[PDB]
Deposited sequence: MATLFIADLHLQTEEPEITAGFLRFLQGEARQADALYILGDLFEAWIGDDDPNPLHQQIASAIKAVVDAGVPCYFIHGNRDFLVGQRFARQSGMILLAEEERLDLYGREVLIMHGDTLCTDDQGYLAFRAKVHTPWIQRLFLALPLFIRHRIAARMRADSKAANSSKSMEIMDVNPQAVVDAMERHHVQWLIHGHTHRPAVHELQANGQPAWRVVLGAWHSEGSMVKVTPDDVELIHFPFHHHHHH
């Protein structure tokens, strides 16, 4: 049971989601082989030096799971691309690249956030290009926190381009893609590498949580309500 979650959008204004996530980490995650968070863990991020107490509660909760012997990994989303090595160290999470090919019990699965598949939004992709330029990140991060805050203040999700999906799955020569970003949880069948292929999409956390569970024989998208209190 390797688990994948994404699009939690954690924030001070939404304690119910935080509580749901902690319940998950304390419970489900402990039994897993591993946990991958495929981005948008946080609703926003202006750097690891944010003293926001939510960041340390979450880091602790995740580190307790790493310490229990369950490795956690993180791929950045569009919201939390500035999560850095200091958060990694406090949470014990390992930071991965924007695309990764896993070998899950012999099954080869491409994981990403999914925003890069959304090639029909020039708007977003121009933005992403800039905020992913390292010197623009280093610049922003060197501003005083209170100014980073002011900047962020001012600041419908386009769905994936079908071709971009195929291309990605072909580049990795894979039959399996898990991603988030779009907040449209679903299982999709398609063709890639001349064969049947599946794109499994995670949901955002608000009413419910969602995960993907990958076992030797099965791949399941699971929704769960926040009922267990």
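Comparing the deposited sequence with the modelled residues shows gaps at 1, 157 to 169, 244 to 246, with numbering starting at 1.
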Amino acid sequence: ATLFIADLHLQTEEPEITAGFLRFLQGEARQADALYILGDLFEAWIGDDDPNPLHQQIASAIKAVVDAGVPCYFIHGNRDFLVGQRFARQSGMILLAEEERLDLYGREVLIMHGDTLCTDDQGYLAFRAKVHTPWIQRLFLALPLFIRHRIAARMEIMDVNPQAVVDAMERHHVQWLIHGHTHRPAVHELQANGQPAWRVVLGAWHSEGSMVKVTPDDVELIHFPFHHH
From here on, numbers count along this sequence of modelled residues.
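Figure legend: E156 is marked as unmodelled in at least a third of the other comparable entries of the protein. Per the PDB record, of the two stretches 197 to 205 and 63 to 71, 63 to 71 carries the greater mean B-factor over its C-alpha atoms.
The PDB entry records a higher mean C-alpha B factor for 119 to 127 than for its counterpart among 79 to 87 and 119 to 127.
In this PDB entry, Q56 carries a Cα temperature factor that places it within the middle third of its chain's modelled residues. When the modelled residues of the chain are ordered by their C-alpha B factor, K213 lands in the middle third. Sort the chain's modelled residues by C-alpha temperature factor and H172 lands in the middle third, per the entry. In the PDB entry, a CA B factor belonging to the lowest third of its chain's modelled residues is recorded for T182. Ranked by C-alpha B-factor against the other modelled residues of its chain, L41 falls in the lowest third.
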